[PDB]
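Here the structure is laid out as structure tokens; the discussion comes afterwards.
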Amino acid sequence: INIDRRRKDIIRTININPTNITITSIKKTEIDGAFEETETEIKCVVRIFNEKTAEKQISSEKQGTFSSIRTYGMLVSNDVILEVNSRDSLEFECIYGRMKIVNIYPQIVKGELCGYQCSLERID
Amino acid sequence: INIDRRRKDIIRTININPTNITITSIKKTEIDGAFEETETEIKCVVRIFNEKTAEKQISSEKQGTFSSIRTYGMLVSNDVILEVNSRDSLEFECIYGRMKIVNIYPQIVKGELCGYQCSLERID
Amino acid sequence: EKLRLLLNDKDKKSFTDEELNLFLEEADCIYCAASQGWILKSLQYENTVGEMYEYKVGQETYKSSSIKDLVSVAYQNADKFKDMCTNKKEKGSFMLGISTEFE
Amino acid sequence: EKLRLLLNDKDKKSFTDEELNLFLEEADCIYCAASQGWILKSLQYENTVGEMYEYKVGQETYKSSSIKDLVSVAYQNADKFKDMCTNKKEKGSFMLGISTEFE
Amino acid sequence: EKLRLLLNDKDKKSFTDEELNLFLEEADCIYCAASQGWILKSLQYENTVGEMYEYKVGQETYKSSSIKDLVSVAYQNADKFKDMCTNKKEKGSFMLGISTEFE
Amino acid sequence: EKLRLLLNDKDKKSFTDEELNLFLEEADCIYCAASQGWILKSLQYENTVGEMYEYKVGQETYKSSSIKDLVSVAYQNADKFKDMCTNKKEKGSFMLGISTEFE
Amino acid sequence: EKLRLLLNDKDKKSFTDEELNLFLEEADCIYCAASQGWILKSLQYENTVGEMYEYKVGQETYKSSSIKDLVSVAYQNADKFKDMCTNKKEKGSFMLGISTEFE
Amino acid sequence: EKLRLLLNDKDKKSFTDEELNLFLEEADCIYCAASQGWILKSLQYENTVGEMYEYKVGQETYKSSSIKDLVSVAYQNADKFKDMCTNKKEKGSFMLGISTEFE
Amino acid sequence: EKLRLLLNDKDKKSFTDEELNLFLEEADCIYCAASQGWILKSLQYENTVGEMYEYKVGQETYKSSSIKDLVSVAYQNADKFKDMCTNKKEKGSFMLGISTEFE
Amino acid sequence: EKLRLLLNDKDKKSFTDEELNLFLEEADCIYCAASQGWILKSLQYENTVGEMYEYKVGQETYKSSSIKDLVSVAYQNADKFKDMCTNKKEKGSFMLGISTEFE
């Protein structure tokens, strides 16, 4: 497979049903054995799609209540480098509850990045 | 895929076997660190179908007893905007036990809503 | 009665009786009118089955014969009615005398 | 009884017994009326069986014969009865004398 | 009314009357205009249905008839109407007298 | 208007205005221009359906008719328009007198 | 302009203009040059789309038109342009007088 | 330049220039040389696609057209170039005078 | 060099140059030797590729071209070179004078 | 050496030299011997591939071309060798004089 084929396919698939998304990144930085969080905001064009037939979990407790579902995937181009770790997070404001990028699958051809297959978690 | 194609397909599929449904929405509003619940009632045309071969769970305890099953899905048009969260609920009474909308899948084409795929829980 | 017989031939309650009278006026023989009505009835499969002929939702699955098969069946009905009309109006071969005047 | 034999040629209550009289009247040969009635019965499959030849609901799955197949079989039956009518009415070849008056 | 009959031969509201009258004026025989309109309506399946004949989203699955099938059926309808026009206008064979003056 | 009739004979806003005038200039009969424009439109399918005609992402699946079927449909449209033009200009057979001068 | 019409016929932005000028110089008939350019564009599908007609990575699945279909369609377009060139240049039959001098 | 035009015809960057010169030497007409180069290119598909034309690893799946398909396409290119050369060197039929000396 | 051109005609690194000299000596026409070498190279696919055209181990899955397809393509190449040998050595028709001595 | 040439015309490692000498002495032309040896080699596939040609154990899957395809390929080799022998011994048509004694 050639890089141009993958690039054209990713861009086309995103452009069938794109949505403009405002990713917000909170990166934790180790300072004196604790975290100092620097918040940055980055925008990208994105297509969102179902990937898993999952069920909405609920986690009510004395801290609070929130329900999250794992169904939605995501597919974004090469325009911005992404990364999600324990110390790094990415979220964005979809209208139907806030989305959160759980795991990133970087699509690479011959050691060259071309786009991120990605997974989400719709936090209600 | 064109928006009109999706709209025609959803409306046709609902009209093969529609049921008039009286959705009741109880939305929890944060007031002085507690919930004040406002109850509204909204009606929509709906088709109900099986989606998962699941088993009826039972949850008897000193609080009480109730049995629920996740088999039934749901498919509704664009006529009314829906939303289900931890603080927001939607229910309706099919004659065979009360139904409850667990999770909402909004079918969107080019950033435009056209209908909600949905999942239910038949609370006996 | 011609209208009731045609409504028997051309499958009932898809055309209002006005166009049934129109077809009866158009063709003297009822079977020609039946073929006409069947060809005209075959057009509805466009809307009915052309835009959707097999769909699955959840575990619910429903398949129907494609538009091509249904229009083929309707065309076969039309051709049978037309051939029936022709055979009704058909007459066998003939040998007849011939004579020219002469002085 | 002619009506009973015809209602044997077509399985009972796809037609009211009255119009069997019409079918008998339109053709004295019973097999011709049987072929006509079989075509008319073939027209009825769009209501009795419809296009939805296969469907699955829950754990139920049913695969009925497609309408094209049923109408094809009905047409084949009608053709068989028509051929029976012809063979019953058909007569073999003939060689006959010919003669013209002369003085 | 010729326009109403043409809107029955060719299904409603895919065109507007401003071209139905044009098709009626194009050929005096209504069936020829019906064939022309059926071809022109067959052209419209590029938009009304599109090539995306099957898709699955979530648990929804829909299988529409492919555009090739729809245009084929529309062409078949147009051909049927054209053949109807010809048969309406067709006249059988003829044997006629011939004569040349001589002195 | 010839341009409006041609844009009725083809999809209305895929082509720019000047090339419609170009096609009208190239062939006087509108149907020949329609056939030419339909072939030229058929050339487009390499861009859209050629490089991708069937894709699935996640549970989202979409299928479209292959490039071969769509270009076949467009070619069928072109051939129908060409045959329409020929039948427009076609004229039947002729028997005419012949005469050579002599003294 | 010759070049603009050719870039319309032979689809744009695959060749630079100098070889298009060469194409026009090869044959005065634009459609013959279009057929030649369509063949030479057909040769280029091995690079632009490659033989890898289908692949799945992660949850992405893409099925492109196979190279055989694309080259076949390009060849069909070239054949159509060649036939257009011939028909434009073709003249019908002829009957002409003949005469030889004698004495 | 002949070598540039041949590298345009025979797809570029697979044969180094000395065998291209050999091709140009083997035949004057460039299209015959292009057909020869296309066949010799088609020979290469052994290594590329005979060893493997469809493989899946993990969730990664890749499909490519079989060696038979690609060599068929290359043979089609070769035959088109050969026919192009023949048509270039072809000339129409001829009627010529004949005369033998006599006393 | 004849040997280098033959190795281009029949790929390198499989056979040692001794049999290449043998093929060159057995036929002066290089394409005839190429056809012979292509058949003899087709014989070698039973070892280089073998019968095991597809296998899956672990998550690996590889589908190689079947031996029948490979030998078929090699035979087709040999046939092409043989036809080339014929056409190079072929000569058109001839009409020649004939004469016998007489007193 | 004739034995080495035959063992080049055949795949070797499955025929001891005694039967190679047997084939060499049975048929003088080496290609006839090659065809015979190839048929005899084709006989062996009943053991290797006839008994088992596609098996899966665990996740391990292995497919090989069926006995019919392999024996077909071997038969094709045999027929090619036989035709090669015929063309070797083939000689063109002849016109010769004829003369009978007379007084």
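Letters A, B, ... go to the chains of the structure tokens in the order shown; residues in each chain start at 1; ligands are counted from 1 in the same order.
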
Over every C-alpha pair, in sequence order, do a least-squares fit of chain J onto chain G and save the fitted chain as a short mmCIF file (atom, residue, chain, number, x, y, z; two decimals) with N, CA and C atoms, in the first residue's frame.
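Written file, result-v8.cif:
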data_model
loop_
_atom_site.label_atom_id
_atom_site.label_comp_id
_atom_site.auth_asym_id
_atom_site.auth_seq_id
_atom_site.Cartn_x
_atom_site.Cartn_y
_atom_site.Cartn_z
N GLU J 1 -11.33 26.73 -28.23
CA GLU J 1 -9.88 26.42 -28.26
C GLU J 1 -9.67 24.91 -28.25
N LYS J 2 -8.81 24.42 -29.15
CA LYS J 2 -8.65 22.97 -29.31
C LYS J 2 -8.06 22.34 -28.06
N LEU J 3 -7.11 23.01 -27.41
CA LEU J 3 -6.52 22.46 -26.20
C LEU J 3 -7.56 22.34 -25.09
N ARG J 4 -8.38 23.37 -24.90
CA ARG J 4 -9.41 23.31 -23.87
C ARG J 4 -10.47 22.27 -24.21
N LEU J 5 -10.82 22.15 -25.49
CA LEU J 5 -11.79 21.13 -25.87
C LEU J 5 -11.25 19.73 -25.61
N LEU J 6 -9.97 19.49 -25.92
CA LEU J 6 -9.37 18.20 -25.62
C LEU J 6 -9.32 17.94 -24.12
N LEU J 7 -8.94 18.95 -23.34
CA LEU J 7 -8.91 18.81 -21.89
C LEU J 7 -10.29 18.67 -21.29
N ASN J 8 -11.35 19.05 -22.00
CA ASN J 8 -12.71 18.68 -21.64
C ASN J 8 -13.04 17.25 -22.03
N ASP J 9 -12.53 16.79 -23.17
CA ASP J 9 -12.72 15.40 -23.57
C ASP J 9 -11.90 14.43 -22.72
N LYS J 10 -10.99 14.93 -21.89
CA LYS J 10 -10.16 14.11 -21.03
C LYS J 10 -10.26 14.67 -19.62
N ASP J 11 -9.80 13.89 -18.64
CA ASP J 11 -10.08 14.22 -17.25
C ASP J 11 -9.08 15.20 -16.63
N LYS J 12 -8.00 15.55 -17.34
CA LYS J 12 -7.13 16.64 -16.92
C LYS J 12 -6.39 16.33 -15.62
N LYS J 13 -5.49 17.24 -15.22
CA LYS J 13 -4.75 17.22 -13.95
C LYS J 13 -3.67 16.13 -13.89
N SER J 14 -3.51 15.34 -14.95
CA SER J 14 -2.48 14.31 -15.01
C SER J 14 -1.67 14.35 -16.30
N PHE J 15 -1.90 15.33 -17.17
CA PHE J 15 -1.13 15.53 -18.39
C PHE J 15 -0.77 17.00 -18.51
N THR J 16 0.53 17.30 -18.51
CA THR J 16 0.97 18.67 -18.74
C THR J 16 0.72 19.05 -20.19
N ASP J 17 0.70 20.36 -20.45
CA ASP J 17 0.18 20.86 -21.73
C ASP J 17 1.05 20.42 -22.91
N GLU J 18 2.31 20.06 -22.66
CA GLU J 18 3.20 19.69 -23.75
C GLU J 18 2.70 18.45 -24.48
N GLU J 19 2.35 17.40 -23.73
CA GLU J 19 1.83 16.21 -24.40
C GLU J 19 0.44 16.45 -24.97
N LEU J 20 -0.32 17.39 -24.42
CA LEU J 20 -1.58 17.76 -25.06
C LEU J 20 -1.34 18.34 -26.44
N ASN J 21 -0.36 19.24 -26.56
CA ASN J 21 0.01 19.76 -27.88
C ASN J 21 0.53 18.64 -28.77
N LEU J 22 1.27 17.70 -28.18
CA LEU J 22 1.78 16.56 -28.94
C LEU J 22 0.64 15.75 -29.53
N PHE J 23 -0.39 15.48 -28.73
CA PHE J 23 -1.54 14.73 -29.23
C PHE J 23 -2.29 15.54 -30.28
N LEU J 24 -2.42 16.85 -30.06
CA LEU J 24 -3.16 17.70 -30.99
C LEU J 24 -2.49 17.72 -32.36
N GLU J 25 -1.16 17.82 -32.38
CA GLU J 25 -0.45 17.87 -33.66
C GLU J 25 -0.26 16.49 -34.28
N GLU J 26 -0.20 15.43 -33.47
CA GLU J 26 -0.05 14.09 -34.03
C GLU J 26 -1.28 13.69 -34.85
N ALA J 27 -2.47 14.01 -34.34
CA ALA J 27 -3.73 13.68 -35.00
C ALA J 27 -4.54 14.96 -35.16
N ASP J 28 -4.97 15.23 -36.39
CA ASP J 28 -5.70 16.47 -36.66
C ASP J 28 -7.09 16.43 -36.03
N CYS J 29 -7.81 15.32 -36.21
CA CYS J 29 -9.13 15.19 -35.61
C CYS J 29 -8.99 15.07 -34.10
N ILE J 30 -9.75 15.87 -33.36
CA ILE J 30 -9.56 15.95 -31.92
C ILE J 30 -9.97 14.66 -31.23
N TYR J 31 -10.94 13.93 -31.79
CA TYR J 31 -11.42 12.72 -31.13
C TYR J 31 -10.38 11.60 -31.19
N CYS J 32 -9.61 11.51 -32.27
CA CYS J 32 -8.50 10.55 -32.30
C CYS J 32 -7.49 10.87 -31.22
N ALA J 33 -7.17 12.16 -31.05
CA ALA J 33 -6.28 12.57 -29.98
C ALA J 33 -6.86 12.23 -28.62
N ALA J 34 -8.18 12.39 -28.47
CA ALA J 34 -8.82 12.05 -27.20
C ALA J 34 -8.71 10.56 -26.92
N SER J 35 -8.89 9.72 -27.94
CA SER J 35 -8.75 8.28 -27.75
C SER J 35 -7.32 7.91 -27.36
N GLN J 36 -6.34 8.51 -28.03
CA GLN J 36 -4.95 8.26 -27.69
C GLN J 36 -4.65 8.69 -26.26
N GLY J 37 -5.11 9.88 -25.89
CA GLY J 37 -4.90 10.36 -24.54
C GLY J 37 -5.58 9.50 -23.50
N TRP J 38 -6.76 8.96 -23.84
CA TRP J 38 -7.45 8.10 -22.89
C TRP J 38 -6.73 6.78 -22.70
N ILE J 39 -6.16 6.21 -23.76
CA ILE J 39 -5.35 5.01 -23.59
C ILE J 39 -4.14 5.31 -22.72
N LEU J 40 -3.47 6.44 -22.99
CA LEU J 40 -2.30 6.80 -22.21
C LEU J 40 -2.66 7.03 -20.74
N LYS J 41 -3.82 7.63 -20.50
CA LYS J 41 -4.32 7.79 -19.13
C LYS J 41 -4.59 6.43 -18.50
N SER J 42 -5.17 5.51 -19.27
CA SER J 42 -5.44 4.17 -18.77
C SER J 42 -4.17 3.46 -18.34
N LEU J 43 -3.05 3.78 -18.98
CA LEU J 43 -1.78 3.16 -18.58
C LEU J 43 -1.45 3.43 -17.12
N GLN J 44 -1.88 4.57 -16.57
CA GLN J 44 -1.44 4.97 -15.24
C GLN J 44 -1.95 4.06 -14.13
N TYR J 45 -2.98 3.25 -14.37
CA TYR J 45 -3.60 2.50 -13.29
C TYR J 45 -2.70 1.42 -12.70
N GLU J 46 -1.60 1.07 -13.37
CA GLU J 46 -0.69 0.08 -12.80
C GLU J 46 -0.06 0.56 -11.50
N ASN J 47 0.09 1.88 -11.33
CA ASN J 47 0.68 2.41 -10.11
C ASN J 47 -0.36 2.64 -9.03
N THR J 48 -1.42 3.39 -9.34
CA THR J 48 -2.40 3.76 -8.33
C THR J 48 -3.15 2.54 -7.80
N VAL J 49 -3.70 1.72 -8.70
CA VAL J 49 -4.60 0.65 -8.31
C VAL J 49 -4.00 -0.74 -8.53
N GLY J 50 -3.02 -0.89 -9.42
CA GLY J 50 -2.41 -2.20 -9.59
C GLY J 50 -1.68 -2.66 -8.34
N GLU J 51 -0.95 -1.75 -7.70
CA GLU J 51 -0.20 -2.11 -6.51
C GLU J 51 -1.11 -2.46 -5.34
N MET J 52 -2.24 -1.77 -5.21
CA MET J 52 -3.17 -2.02 -4.11
C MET J 52 -4.53 -1.49 -4.50
N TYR J 53 -5.56 -2.33 -4.39
CA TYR J 53 -6.92 -1.96 -4.76
C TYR J 53 -7.97 -2.29 -3.71
N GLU J 54 -7.61 -2.94 -2.61
CA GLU J 54 -8.55 -3.23 -1.54
C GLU J 54 -7.76 -3.55 -0.28
N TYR J 55 -7.91 -2.71 0.74
CA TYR J 55 -7.16 -2.88 1.98
C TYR J 55 -8.07 -2.62 3.17
N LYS J 56 -7.76 -3.30 4.27
CA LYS J 56 -8.45 -3.11 5.54
C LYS J 56 -7.41 -2.96 6.64
N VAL J 57 -7.53 -1.90 7.44
CA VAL J 57 -6.69 -1.67 8.61
C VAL J 57 -7.61 -1.46 9.80
N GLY J 58 -7.41 -2.24 10.86
CA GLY J 58 -8.29 -2.16 12.01
C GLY J 58 -9.71 -2.45 11.61
N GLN J 59 -10.63 -1.58 12.01
CA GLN J 59 -11.99 -1.60 11.51
C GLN J 59 -12.15 -0.83 10.21
N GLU J 60 -11.14 -0.06 9.80
CA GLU J 60 -11.20 0.70 8.56
C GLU J 60 -11.05 -0.29 7.40
N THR J 61 -12.02 -0.29 6.50
CA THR J 61 -11.97 -1.09 5.28
C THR J 61 -12.24 -0.18 4.09
N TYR J 62 -11.48 -0.39 3.01
CA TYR J 62 -11.63 0.39 1.79
C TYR J 62 -11.44 -0.54 0.60
N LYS J 63 -12.42 -0.55 -0.30
CA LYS J 63 -12.36 -1.32 -1.53
C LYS J 63 -12.48 -0.37 -2.71
N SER J 64 -11.69 -0.63 -3.75
CA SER J 64 -11.77 0.09 -5.01
C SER J 64 -11.83 -0.91 -6.14
N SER J 65 -12.43 -0.49 -7.25
CA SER J 65 -12.54 -1.36 -8.41
C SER J 65 -11.16 -1.76 -8.90
N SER J 66 -11.02 -3.03 -9.28
CA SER J 66 -9.72 -3.57 -9.66
C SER J 66 -9.17 -2.84 -10.88
N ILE J 67 -7.88 -3.07 -11.15
CA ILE J 67 -7.22 -2.43 -12.29
C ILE J 67 -7.90 -2.84 -13.59
N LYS J 68 -8.38 -4.08 -13.66
CA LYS J 68 -9.00 -4.58 -14.88
C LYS J 68 -10.26 -3.79 -15.22
N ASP J 69 -11.09 -3.51 -14.21
CA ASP J 69 -12.32 -2.76 -14.48
C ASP J 69 -12.02 -1.33 -14.91
N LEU J 70 -11.08 -0.67 -14.23
CA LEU J 70 -10.78 0.72 -14.57
C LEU J 70 -10.16 0.83 -15.95
N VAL J 71 -9.21 -0.05 -16.28
CA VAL J 71 -8.60 0.00 -17.60
C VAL J 71 -9.62 -0.38 -18.66
N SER J 72 -10.57 -1.26 -18.32
CA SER J 72 -11.65 -1.57 -19.25
C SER J 72 -12.50 -0.34 -19.53
N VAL J 73 -12.83 0.43 -18.49
CA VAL J 73 -13.62 1.64 -18.68
C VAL J 73 -12.86 2.64 -19.55
N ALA J 74 -11.57 2.81 -19.27
CA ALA J 74 -10.77 3.75 -20.05
C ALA J 74 -10.67 3.30 -21.51
N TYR J 75 -10.51 2.00 -21.73
CA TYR J 75 -10.49 1.47 -23.09
C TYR J 75 -11.82 1.70 -23.78
N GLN J 76 -12.92 1.58 -23.04
CA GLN J 76 -14.23 1.84 -23.62
C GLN J 76 -14.35 3.30 -24.05
N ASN J 77 -13.83 4.21 -23.22
CA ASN J 77 -13.78 5.62 -23.60
C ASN J 77 -12.96 5.82 -24.87
N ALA J 78 -11.80 5.17 -24.94
CA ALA J 78 -10.94 5.30 -26.10
C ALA J 78 -11.63 4.80 -27.36
N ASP J 79 -12.30 3.65 -27.26
CA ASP J 79 -12.99 3.08 -28.41
C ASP J 79 -14.16 3.96 -28.84
N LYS J 80 -14.88 4.54 -27.88
CA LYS J 80 -15.97 5.44 -28.24
C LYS J 80 -15.44 6.67 -28.97
N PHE J 81 -14.33 7.24 -28.49
CA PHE J 81 -13.75 8.39 -29.18
C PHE J 81 -13.28 8.01 -30.58
N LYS J 82 -12.67 6.84 -30.73
CA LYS J 82 -12.21 6.40 -32.04
C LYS J 82 -13.38 6.21 -33.00
N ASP J 83 -14.45 5.57 -32.52
CA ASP J 83 -15.63 5.37 -33.36
C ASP J 83 -16.27 6.71 -33.72
N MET J 84 -16.24 7.66 -32.78
CA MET J 84 -16.75 8.99 -33.06
C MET J 84 -15.95 9.65 -34.17
N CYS J 85 -14.63 9.51 -34.13
CA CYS J 85 -13.79 10.04 -35.20
C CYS J 85 -14.11 9.39 -36.54
N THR J 86 -14.28 8.07 -36.54
CA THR J 86 -14.60 7.37 -37.78
C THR J 86 -15.92 7.86 -38.36
N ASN J 87 -16.95 7.97 -37.51
CA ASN J 87 -18.24 8.46 -37.98
C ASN J 87 -18.15 9.91 -38.45
N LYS J 88 -17.26 10.70 -37.84
CA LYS J 88 -17.03 12.05 -38.32
C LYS J 88 -16.49 12.02 -39.75
N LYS J 89 -15.47 11.20 -40.00
CA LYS J 89 -14.89 11.11 -41.34
C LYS J 89 -15.63 10.14 -42.25
N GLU J 90 -16.60 9.39 -41.74
CA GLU J 90 -17.33 8.44 -42.57
C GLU J 90 -18.17 9.17 -43.61
N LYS J 91 -18.31 8.54 -44.77
CA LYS J 91 -19.15 9.03 -45.85
C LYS J 91 -19.88 7.85 -46.48
N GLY J 92 -21.10 8.10 -46.93
CA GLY J 92 -21.98 7.04 -47.39
C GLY J 92 -21.49 6.39 -48.67
N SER J 93 -22.24 5.39 -49.10
CA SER J 93 -21.93 4.70 -50.35
C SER J 93 -22.21 5.62 -51.53
N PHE J 94 -21.67 5.24 -52.69
CA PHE J 94 -21.75 6.08 -53.88
C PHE J 94 -21.92 5.22 -55.13
N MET J 95 -22.76 5.71 -56.04
CA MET J 95 -22.83 5.22 -57.41
C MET J 95 -22.43 6.36 -58.33
N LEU J 96 -21.42 6.12 -59.16
CA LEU J 96 -20.88 7.14 -60.05
C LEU J 96 -20.86 6.60 -61.48
N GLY J 97 -20.88 7.52 -62.43
CA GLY J 97 -20.77 7.14 -63.82
C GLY J 97 -19.37 6.67 -64.16
N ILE J 98 -19.26 6.00 -65.31
CA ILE J 98 -17.99 5.53 -65.83
C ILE J 98 -18.01 5.71 -67.34
N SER J 99 -16.86 6.05 -67.92
CA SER J 99 -16.79 6.31 -69.35
C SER J 99 -15.35 6.14 -69.82
N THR J 100 -15.18 5.42 -70.92
CA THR J 100 -13.89 5.24 -71.57
C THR J 100 -13.94 5.81 -72.98
N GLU J 101 -12.84 6.43 -73.38
CA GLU J 101 -12.75 7.00 -74.72
C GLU J 101 -12.81 5.91 -75.77
N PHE J 102 -13.46 6.22 -76.89
CA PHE J 102 -13.49 5.30 -78.02
C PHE J 102 -13.78 6.11 -79.28
N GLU J 103 -13.44 5.52 -80.42
CA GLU J 103 -13.62 6.16 -81.72
C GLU J 103 -14.46 5.28 -82.65
#

Can you check which parts of chain A lie within 10 Å of chain F? Per residue, the shortest pair of atoms and distance in Å to one decimal, counting only C-alpha atoms, sorted by chain and number, as JSON lines.
{"residue": "A:5", "atom": "CA", "partner": "F:51", "partner_atom": "CA", "distance": 9.0}
{"residue": "A:8", "atom": "CA", "partner": "F:51", "partner_atom": "CA", "distance": 9.2}
{"residue": "A:9", "atom": "CA", "partner": "F:52", "partner_atom": "CA", "distance": 8.0}
{"residue": "A:12", "atom": "CA", "partner": "F:52", "partner_atom": "CA", "distance": 9.3}
{"residue": "A:13", "atom": "CA", "partner": "F:57", "partner_atom": "CA", "distance": 8.8}
{"residue": "A:48", "atom": "CA", "partner": "F:58", "partner_atom": "CA", "distance": 9.8}
{"residue": "A:49", "atom": "CA", "partner": "F:58", "partner_atom": "CA", "distance": 6.6}
{"residue": "A:50", "atom": "CA", "partner": "F:59", "partner_atom": "CA", "distance": 5.8}
{"residue": "A:51", "atom": "CA", "partner": "F:58", "partner_atom": "CA", "distance": 4.2}
{"residue": "A:52", "atom": "CA", "partner": "F:59", "partner_atom": "CA", "distance": 7.5}
{"residue": "A:53", "atom": "CA", "partner": "F:59", "partner_atom": "CA", "distance": 8.9}
{"residue": "A:71", "atom": "CA", "partner": "F:58", "partner_atom": "CA", "distance": 9.9}
{"residue": "A:72", "atom": "CA", "partner": "F:58", "partner_atom": "CA", "distance": 9.0}
{"residue": "A:73", "atom": "CA", "partner": "F:58", "partner_atom": "CA", "distance": 7.4}
{"residue": "A:74", "atom": "CA", "partner": "F:58", "partner_atom": "CA", "distance": 9.2}
{"residue": "A:75", "atom": "CA", "partner": "F:57", "partner_atom": "CA", "distance": 9.2}

Practice task
Could you tell me, as a PyMOL selection string, which residues of region 20-103 of chain D DSSP assigns to helix (DSSP H, G or I) when given the backbone?
Solution key: chain D and resi 20-26+30-42+45-48+67-89

Handout entry: Those of chain C in DSSP strand (DSSP E or B), formatted as a PyMOL selection string
Key = chain C and resi 54-57+60-63

Would you put the residues from that selection into a file with C-alpha atoms, as a PDB file, in the first residue's frame?
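Contents of selection_5.pdb, as written:
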ATOM      1  CA  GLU C  54     -34.201  -6.050   1.934  1.00  0.00           C
ATOM      2  CA  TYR C  55     -33.562  -4.537   5.360  1.00  0.00           C
ATOM      3  CA  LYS C  56     -32.380  -5.787   8.747  1.00  0.00           C
ATOM      4  CA  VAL C  57     -32.825  -3.921  12.043  1.00  0.00           C
ATOM      5  CA  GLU C  60     -35.290  -8.312  12.780  1.00  0.00           C
ATOM      6  CA  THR C  61     -34.523  -9.224   9.158  1.00  0.00           C
ATOM      7  CA  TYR C  62     -36.897  -8.896   6.206  1.00  0.00           C
ATOM      8  CA  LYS C  63     -36.197  -9.769   2.573  1.00  0.00           C
TER       9      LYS C  63
END

Taking only C-alpha atoms into account, produce a table as CSV in which each residue of region 4-123 of chain A with an atom at most 7 Å from an atom of region 104-120 of chain B appears once, together with its shortest atom pair and the distance in Å to one decimal, ordered by chain and rising number.
residue,atom,partner,partner_atom,distance
A:17,CA,B:110,CA,4.6
A:18,CA,B:110,CA,6.3
A:19,CA,B:111,CA,6.2

Exercise for the section: Kindly give the distance, in Å, that separates CA of residue 25 (chain B) and CA of residue 3 (chain B), rounded to a single decimal. Expected result: 28.4 Å

Practice task
Give me the residues within 9 Å of residue 66 (chain A) as a ChimeraX atom specification, counting only C-alpha atoms and dropping any in the same chain fewer than 4 places off.
Solution key: /A:57-60,123-124 /B:85-87

Expected file contents, prior selection, C-alpha atoms, as a PDB file, in the first residue's frame:
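Saved as selection.pdb:
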ATOM      1  CA  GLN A  57     -21.917   1.688  32.709  1.00  0.00           C
ATOM      2  CA  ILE A  58     -22.879   3.761  35.759  1.00  0.00           C
ATOM      3  CA  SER A  59     -20.534   4.595  38.644  1.00  0.00           C
ATOM      4  CA  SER A  60     -22.603   6.368  41.315  1.00  0.00           C
ATOM      5  CA  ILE A 123     -19.104  10.627  29.348  1.00  0.00           C
ATOM      6  CA  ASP A 124     -22.657  11.657  30.252  1.00  0.00           C
TER       7      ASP A 124
ATOM      8  CA  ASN B  85     -27.634  11.167  31.323  1.00  0.00           C
ATOM      9  CA  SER B  86     -27.065  10.273  34.949  1.00  0.00           C
ATOM     10  CA  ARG B  87     -29.223  13.283  35.873  1.00  0.00           C
TER      11      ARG B  87
END
